[PDB]
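Structure, as structure tokens:
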Amino acid sequence: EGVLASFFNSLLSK
Amino acid sequence: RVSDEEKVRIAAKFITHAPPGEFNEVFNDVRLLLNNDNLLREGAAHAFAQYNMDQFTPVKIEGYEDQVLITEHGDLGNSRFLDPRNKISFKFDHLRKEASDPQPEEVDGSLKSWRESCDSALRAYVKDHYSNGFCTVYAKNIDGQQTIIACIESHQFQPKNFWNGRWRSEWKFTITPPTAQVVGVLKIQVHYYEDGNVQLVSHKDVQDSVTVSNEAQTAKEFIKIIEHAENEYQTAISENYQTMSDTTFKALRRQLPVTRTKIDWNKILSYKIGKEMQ
Amino acid sequence: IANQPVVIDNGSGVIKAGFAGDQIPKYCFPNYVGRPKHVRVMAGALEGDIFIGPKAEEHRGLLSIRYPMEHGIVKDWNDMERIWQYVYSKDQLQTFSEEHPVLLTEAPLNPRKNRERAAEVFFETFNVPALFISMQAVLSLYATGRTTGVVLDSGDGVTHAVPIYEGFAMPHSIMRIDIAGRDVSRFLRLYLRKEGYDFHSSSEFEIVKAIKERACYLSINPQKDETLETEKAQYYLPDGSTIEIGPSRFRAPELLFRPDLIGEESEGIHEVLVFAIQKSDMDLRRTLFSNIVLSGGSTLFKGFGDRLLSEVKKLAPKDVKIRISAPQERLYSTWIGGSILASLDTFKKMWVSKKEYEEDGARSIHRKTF
Amino acid sequence: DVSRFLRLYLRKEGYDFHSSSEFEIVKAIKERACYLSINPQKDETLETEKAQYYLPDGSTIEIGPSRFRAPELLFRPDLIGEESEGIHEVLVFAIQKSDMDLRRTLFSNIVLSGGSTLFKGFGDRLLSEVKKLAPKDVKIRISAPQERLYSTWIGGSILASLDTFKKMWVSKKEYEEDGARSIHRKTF
Amino acid sequence: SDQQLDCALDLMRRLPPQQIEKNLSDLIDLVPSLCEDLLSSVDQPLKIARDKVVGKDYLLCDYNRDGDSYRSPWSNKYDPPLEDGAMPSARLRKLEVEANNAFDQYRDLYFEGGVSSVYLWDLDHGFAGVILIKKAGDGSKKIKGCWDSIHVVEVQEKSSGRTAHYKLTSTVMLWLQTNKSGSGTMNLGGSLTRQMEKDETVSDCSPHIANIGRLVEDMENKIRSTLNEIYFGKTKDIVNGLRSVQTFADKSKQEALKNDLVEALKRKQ
Ligand SMILES: Nc1ncnc2c1ncn2[C@@H]1O[C@H](COP(=O)(O)OP(=O)(O)O)[C@@H](O)[C@H]1O
Ligand SMILES: Nc1ncnc2c1ncn2[C@@H]1O[C@H](COP(=O)(O)OP(=O)(O)O)[C@@H](O)[C@H]1O
Ligand SMILES: [Mg+2]
């Protein structure tokens, strides 16, 4: 789920 | 961007190649993509004309029940077609595939004896052999030479069963006292799409010769040639299907390897090919 | 003719014969010709050099066996003629070929020349009054009191799935494969060789066939029993010695569901059945899946029904009812159907006259058949 | 089996051997004076030559018809009542049981091996039998290398020299943990 | 425009399969808004490319593509040199080359020629891959055709490391053409898609690639059998229904006899 986590990580930071 | 002329050209390209018994939803799809009926219709008239021309579609005449075939040979040009059974000129709406205004048209009738004898014998034959078997016979003067054209067509559509099929056999036959020539083209188009897709397109060309002594005798000989040609063609198709898995299909993928045993994947992975020595 | 007709089901392995209207064939014997291979030295040895029927079984070790039919196709026609005259011999069905019409049963999708030569033999060498050739599966469905359903007839030479709807077998939906009980017996012979038991003799092939019949089964899961070490079950040979069979008990019949275990480019029996069902229009498919009738000897394997059910369920569409019917009279079901068909007075209109055969020939017998 | 048949025929010629040590003398007689006739029926009807063989003790024996009928057992097992295929039938049935595509190249590539293929005239006789059984317009090439006795050992040596052989053997630990299954998967 | 997407998909499924590429390109010019989406759904015959470093034929797909470049499976380099690219991994690259060798052997055994290409990529607690096979019919014999097969496999590795779950989806595009004396010309196109799931014990004796290859060959054999038997015998049946070799008078007589037989059977039950 690393690709999924990174997309969420961009959203969480912004 | 795309020019509208190119748009309707692609629309005609898709329309003319539609499989038999599915032109209506192909048309529905092409308008739904274009979203322009008025823009489409001018070239769509030519596209539908050609599709219904080369496909030999049968259209019923309500007042006659002749059920004549639409063919390039029996075309007049006022969006009208001449049924040689009873000599009836009728307008044909390609959009609805409907016959209107049955109008007698005066032909000289020089070839009517040959045309009618061939039509009678050919109807007897088509009813004997085909399932539905809609047929017509025309007379023409090609390059000044008198010719009789037999057209046979048999269609079976079951979109409920996910399959359509069409047989169409055209046979030109020139009149010549010493020896006459017969030239035939047979086309079969079958589509079947239940949880998959398969499209058979078969074509055959035949050439033979006959002798012209009596019109009834010549017509009987012609129908015997039709019998022999179509019987041998259909039996050849059946045999070709029988030898599909053995030889024809084997050129692409074999049912089993040449070793006649399933691949031992552990063997090939762990050990090399084993052809290091030579 | 007002005399009683005789039904003959000439299978590859066993040939059933009997007067029509009987509930059972009383004259079934193996379909091979035995010839003595040892040299006769005394005055008073067994007379004759051809041994067919129970005599061939009594003196089995004395004879070399030859099978005239292979995969439902008559390879040796002289031996077939000898067997068909033995059917009329005084040992079994003491009668004359001239007195009784014959209902011959034949495998489906056979070559044209086979039917032609069978008709020629029955009309010329035998002066038979009336012959009718039929199929093996449609009769097997007639036996079980049905007219719609799919028959999976698995005999000794050939196994075929035939869907019949309202009596008339669909000629286009017939499925046939040549791996059958004989191939399973050969595979069992090879595996027994791999246990340290050689049965290369022709008479020992019948002992291998008996071992197949009496001690074999089909495992529910192939790999599960393949990996598990099976208990060694001991079988008693005719001489009195014993052999430990072991894994060859279940590896042998697995040929039926995996033809690639002997390098045959063909489909399995479950695939054959499911393809026969799916080759028909869908409205009848749901009825065909319910009405599945097993037939032939090879369907009698211990656990055949369960494995076939599992495989057909694995292949068939989900949410479709599947029911396998296994009649107790599976061996004689085809003959029972032949007897039922011959009992009908309409059979009087279904046979071919000697005058009709002389006039037309194979055209008459092939237009009379389906 | 050929040497046992030769012992039986020598018994039928008056020269009788019983002892297990004298079976080795029979084996030596087979290896020394025995050949395969190209035409068995032609040589059968003709008068024999009766070549003489010197036994280890110094006595002599006249062989005659047993010289060529003994290796005949390879091509005709029915001479000892076995209803099994002959050696030529073994080869041809192995070829014809294979794929139809491979039959031509299998017929064009036949390799003899083992000690029993060293009979005088073995190659010509087998070629004649295979041609009798094989289809026409198919080239047949039976290869008879000089190292027939040690061909299989030389093959084992070639295989064991490769580094891939490390990936082929059943290790000791694999047998210790699995047992017969390790050899069963690794061999096939 | 989901309705127009379904329209385009149905139309493309309806058109002949040999002209799939040209007609798809033409249709892209009509409604370009869904074009890439269409290219994600519509299945197309594969393209061959020359890996010059090793000198091999490799198949171009959408999974190895990165922008306007295609990654070779042998060289592991894009045919257009990309300064930045997505290599699969270190371990998955060895899995990829092992799969490439294994499927080269499988292709040679089953097809005797053609081209093959296995491309792997990682996945959520697992890895996915695509196995592409192409095989154009040789011109030596009158039979001329093409076989394309795309098998996308998803491997979910269980936490224990011994068990795994495989989900295989296979699409086969077949085309055959024969020009014989009797049949004159026959042209059998077709396409067929199937799917199946399984779970297998990963081990040294039975690694991942062995399981994927076993599933792929089983699916290929099943698809070949179905195409040869059901989807071609149905066309045979249709051609036999369009015209009858036997006359209809004889058929009517046989059917009357059959009606007599079935009524007689129905009476005796
Ligand atoms: N209980 C059984 N288990 C397994 N096989 C059997 C059994 N009984 C009979 N057979 C096999 O079935 C075959 C006979 O089946 P049958 O229906 O008579 O075939 P055919 O129709 O060709 O005569 C024999 O070869 C025999 O080996
Ligand atoms: N020159 C020869 N002529 C005939 N037979 C021979 C000859 N040399 C060896 N043999 C036979 O070949 C056998 C040995 O063959 P070999 O290849 O060693 O068998 P194996 O494969 O069991 O080792 C012996 O039994 C011997 O009788
Ligand atoms: Mg039977």
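Going by Swiss-Prot, the residues shown for chain B are 7-284, listed in order.
Using N, Cα and C of the backbone, Cβ positions are placed for all residues, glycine too.
Sequence annotations record features per position, and here Swiss-Prot assigns phosphoserine to B:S9. For B:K19, B:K97, the entry in Swiss-Prot reads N6-acetyllysine.
B:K97 (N6-acetyllysine) falls within a strand segment according to DSSP. Proximity to chain E (Cβ-Cβ distance under 8 Å) holds for the following modified residues out of B:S9, B:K19, B:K97: B:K19. When the alpha carbons of B:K97 (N6-acetyllysine) and B:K19 (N6-acetyllysine) are compared, the span between them is 25 angstrom. DSSP assigns the residue listed as 'phosphoserine' to coil, not to a helix or a strand. Counting every protein chain shown, 9 other Cβ atoms lie within 10 Å of the Cβ of B:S9 (phosphoserine). When the Cα atoms are compared, B:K19 (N6-acetyllysine) and B:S9 (phosphoserine) turn out to be 15 Å apart. In this view, B:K19 (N6-acetyllysine) is surrounded by 16 other Cβ atoms within 10 Å of its Cβ, with every protein chain counted.
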